[PDB]
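Presented as structure tokens, the chain that follows is alone, the form deposited in one PDB entry.
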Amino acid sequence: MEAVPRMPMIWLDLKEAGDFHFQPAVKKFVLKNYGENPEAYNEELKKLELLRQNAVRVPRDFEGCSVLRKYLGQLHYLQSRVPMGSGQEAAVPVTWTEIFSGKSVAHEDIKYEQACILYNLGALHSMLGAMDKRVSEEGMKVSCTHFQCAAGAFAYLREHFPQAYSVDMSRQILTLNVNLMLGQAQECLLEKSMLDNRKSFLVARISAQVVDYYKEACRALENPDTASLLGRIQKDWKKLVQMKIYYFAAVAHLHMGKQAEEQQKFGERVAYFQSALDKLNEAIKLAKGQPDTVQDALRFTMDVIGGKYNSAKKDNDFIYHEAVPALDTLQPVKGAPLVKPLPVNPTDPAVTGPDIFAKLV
């Protein structure tokens, strides 16, 4: 449907993995504590190594998400049987590349490996959400769900790994990531609600919530430490987000004006369409340099809003003669949040399959 903006979306890159030489530590622990032949679990160790190699070179598709979840769970199964966390007997170095600086960061802690895999699960879902062109209802809903899965991964990471192993996984950066992913999920839902031709007040409330998520992301992007860490990524993200704040505020007030039209509140219709046009004009100024995908969405929306405002003001001036309310006298549009971080269970046997180390006890 031509009423769908189909703006481009932000995604997060996957982190690069270094070494995690767990095999010698597991073998030493088996002989020292469990008292068994340290070579008795070579088949299990080979399975986990192959799984890691697949996880750190993950295919960029839905199957890759299942690989990361499976490996994440098997790491939980290993940690429950062999103590490889911070300060524990079988801990070995884990090295991953911090994505914004490109520098290697090492911790002797299996939960660092878990954290990075969980991060990459969120990053991969964000890529799969952003890759779709969102031409069909199914593409919109699948992208929406990918962004909710991304938020869920980043939210789980933030809550259960609360001491950041590296600055790309800090609490404030993960909060930025969750809010961006929820804003993008809500934007995809908005597109579906316009494709479905839902009621104007619902479209307005859904779009108002897109604005609220992006306002929260924008505040995080203005944080000096986030800006310094992300560098030019912060400049790029902030330009897109700031433009979308005004664009989806324009869409919200366009649909409030349509609700006013449906209720024969013809003075209120002028006020909302005027506001919508002013917001769209700001979005256009903020969109300088953006790709033609952005410019086309703005241009098509200007066709709609510019014409409806002129028609509404002419109708009120010469036919209906209703008072045009000042913007501040009307009740603001309250967002309708209909997306959420989808819950993660790292040890769900449906996603982990059988425990690789079931024999080790």
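One rule holds for the numbers: they count along the sequence shown, beginning at 1. Throughout, rigid core stands for the largest set of C-alpha atoms superposing within 1.5 Å between the two forms.
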Superpose by the rigid core: which stretch, 190 to 198 or 237 to 245, shows more Cα shift in 7 other deposited structures of this protein? 190 to 198
Figure out for me whether 311 to 319 or 63 to 71 is the more displaced stretch in 7 other deposited structures of this protein, taking RMS C-alpha distance from the shown form once the rigid core is superposed. 311 to 319
Segment of higher mean CA temperature factor, 30 to 38 or 60 to 68: 30 to 38
So 43 to 51 or 330 to 338, which one's hotter by mean CA B-factor in the entry? 330 to 338
Comparing recorded Cα B-factors across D212, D278, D168, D196, which one is largest? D196
Per the deposited B-factor column, the C-alpha that peaks among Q79, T226, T175, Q184 belongs to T226
Taking the values exactly as deposited, rank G102 by C-alpha B-factor within its chain and report the matching third: lowest, middle or highest. middle
With respect to C-alpha B-factor, does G257 fall in the lowest, middle or highest third of the chain as deposited? middle
Would you please rank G289 by its C-alpha temperature factor against the other modelled residues of its chain and give the third it falls in: lowest, middle or highest? middle
Can you work out whether the C-alpha temperature factor of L221 puts it in the lowest, middle or highest third of the chain? middle
So, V135's CA B-factor, relative to its chain, sits in which third? The highest
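Just so it is clear, the following notes concern the form deposited with a partner chain bound, a form of the same protein that is not shown.
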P8 within 4.5 Å of the partner chain in the bound PDB entry, heavy atoms: no
Indicate whether the partner chain has at least one heavy atom within 4.5 Å of a heavy atom of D315 in the bound PDB entry. no
Consider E322 of the chain shown here, and say whether it contacts the partner chain in the bound PDB entry, taking contact as heavy atoms within 4.5 Å. no
